[PDB]
């Protein structure tokens, strides 16, 4: 039924690891695999990178790894490159179920001249292309792990978790959902509701869709999954279908779940948040509620979890 994971001593630590490796002495990890997650119509490549850390850089679900790309710091001669953070997309056991690997979900940052569409190697994103250009056996300078905002609250195994992602913001939720549904973790038997909302540009830009869809058939009473394909669908007002439009489609259900104590999570590019806030204010107003009052309450109750950049 559930997949055996090892070693179960990874459940014993009472606190998440933080800054085990630091930039001046990173951990030299080894690439296991790199693959594209997306199809030909996707605006850009997003890749799935599996990294062998040998058990030397454990983490909890929701944390980030740092990666120091090669080369000198362009603004600090003689110095290494600045760390880039990546949300870990794997559980603490990893994609090999052995506690030795972790995975990243990385969008290639590529520069196009806004008029001609021409390229320029010196303007592409350094660390994202480094990662998606990697091959098995390549070495990676790893730092961290870091972050606590997106730790999964496990005190109540029957909690409700409403997960709102755009693009690579799905990464921590892939980790959450594997821990909730896929892996045999005897000390955490999830029996609540986990509701994943994912916005991407088009069907070819979907990330891990087969995995999430499988949870609908395995855990129909504990998982829901809704997608917004912005260039392929339009909202009720003529706009491109964004994730906030999908929340709006379920406004009454979601607001009732929040009032009942649900956690809600937001992850991805910071550009996703203004439209979400606009939708939530409009929804609140139609219900005769104040979104300001409601958000202040959610934050005070520690139901509101945002990590965007």
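Positions refer to the first chain, counted from 1.
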query: Higher-B stretch (mean Cα B-factor, as the entry records it), 163-171 or 67-75; finding: 67-75
query: Higher-B stretch (mean Cα B-factor, as the entry records it), 40-48 or 255-263; finding: 40-48
query: Candidate set 132, 110, 89, 152 [ranked by C-alpha B-factor, highest]; finding: 110
query: Residue, from 179, 224, 139, 236, that the PDB entry assigns the highest Cα B-factor; finding: 236
query: B-factor third for the C-alpha atom of residue 117 within its chain; finding: highest
query: Entry-reported Cα temperature factor of residue 229, expressed as the chain third it lands in; finding: highest
query: Third of the chain, ranked by Cα B-factor, where residue 28 sits; finding: lowest
query: Chain-relative CA temperature factor third for residue 308; finding: middle
query: Residue 158, C-alpha B-factor rank within chain (lowest, middle or highest third); finding: middle
